[PDB]
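Read the single chain below, which is given as structure tokens and is the form deposited in one PDB entry.
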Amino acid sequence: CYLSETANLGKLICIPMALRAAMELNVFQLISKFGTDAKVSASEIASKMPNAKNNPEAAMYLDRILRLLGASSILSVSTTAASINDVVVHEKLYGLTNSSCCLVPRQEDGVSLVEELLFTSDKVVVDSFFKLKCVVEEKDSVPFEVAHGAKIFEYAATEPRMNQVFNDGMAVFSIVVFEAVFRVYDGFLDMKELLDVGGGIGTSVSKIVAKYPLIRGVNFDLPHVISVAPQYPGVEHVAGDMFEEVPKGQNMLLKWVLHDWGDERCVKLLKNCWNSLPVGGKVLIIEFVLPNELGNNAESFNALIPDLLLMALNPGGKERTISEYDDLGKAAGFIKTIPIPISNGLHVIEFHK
């Protein structure tokens, strides 16, 4: 069946690259602006692209991208009786699906999955993936380091474009995740202070303080992140190195931090958190938890995606099961681990001092 499998295997590189181009051309948002149940042609979409206005062929090229996304069910495809009724209509109409509506920046605040997906398909990430085999062949190799000559957070301090793509990918994705957290988890209600350890540009703690305005928010990250962090209401920024010293705080958050590192580094960081917490404080771990048994579901893929990314991007980074997270907390001196399922594998895991 070689000439069946050419289609099944050959489409795999094509689909994400077509998707990235469509995101960069703001196709999904343009479709959305035609309204509910809109179905629009490539030429209608191209008409809304100022950069295409002196390119007669723009629509025909755009249609070649969109028809692949239609065949792969990212866009819906249809026509009309007027179109059907010696003339050949090349142009089908495209509409959003449940997947592509997650690519439309929200009217209120511009949030979507666009920024995280533009990070995970960025050239810096794909270049790392081109070196993925090195992790199997070579003891202690990291694909990102083979590709770029430096580790990712070191590299970010030298490369402002990559810094921005990464920081924004994490920040906007964090908004979506905290909306889900706030619907299920009530553990912030009693807090008076929250320190976000490796908090990025501060978006996560900015949203926590907005929802819970008695919380004094502190954001802690590396110098090159804090330098570009916005001023957020109710947030104080702190620059440093979490492996050397964590600021004192009543409660701490580690979101998407532990999965970046191996066990010894995770225990070192957790012990630094323990030392900086009071008796009765807690640290919250927010991660996509690896299910105990993998299957064909969102929970499994939500862990496998960052598992493969972190294998390429940082030494020791991996996704972990509940048991493996409990073992890290216990080794660092925490007690009473409380795993709280949120959505499709995302958990809050509380570690108590």
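If you superpose the two forms and keep the largest set of C-alpha atoms that fall within 1.5 Å, you have the rigid core. For every residue, the number given is its place in the sequence shown, counted from 1.
The following text describes the form deposited in another entry, which does not appear among the structures shown.
Discussion item. Superpose on the core and compare between the shown form and the other one; which one of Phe144, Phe178, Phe166, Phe188 crosses the 2 Å Cα shift mark?
Written reply: Going through each option, the one that shifts is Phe188.
Discussion item. Is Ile226 displaced by at least 2 Å at its C-alpha between the shown form and the other one when the rigid core is overlaid?
Written reply: Yes, shifts by 2 Å or more.
Discussion item. Is the shift of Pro247 between the shown form and the other one large enough to count as movement, that is, does its C-alpha move by 2 Å or more after the core is superposed?
Written reply: Comparing the forms between the shown form and the other one, which are aligned on their rigid core, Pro247 does shift its C-alpha by 2 Å or more.
Discussion item. On a rigid core superposition, would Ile335 pass a 2 Å threshold for CA movement between the shown form and the other one?
Written reply: For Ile335, whose C-alpha is compared between the shown form and the other one after core superposition, the shift is 2 Å or more.
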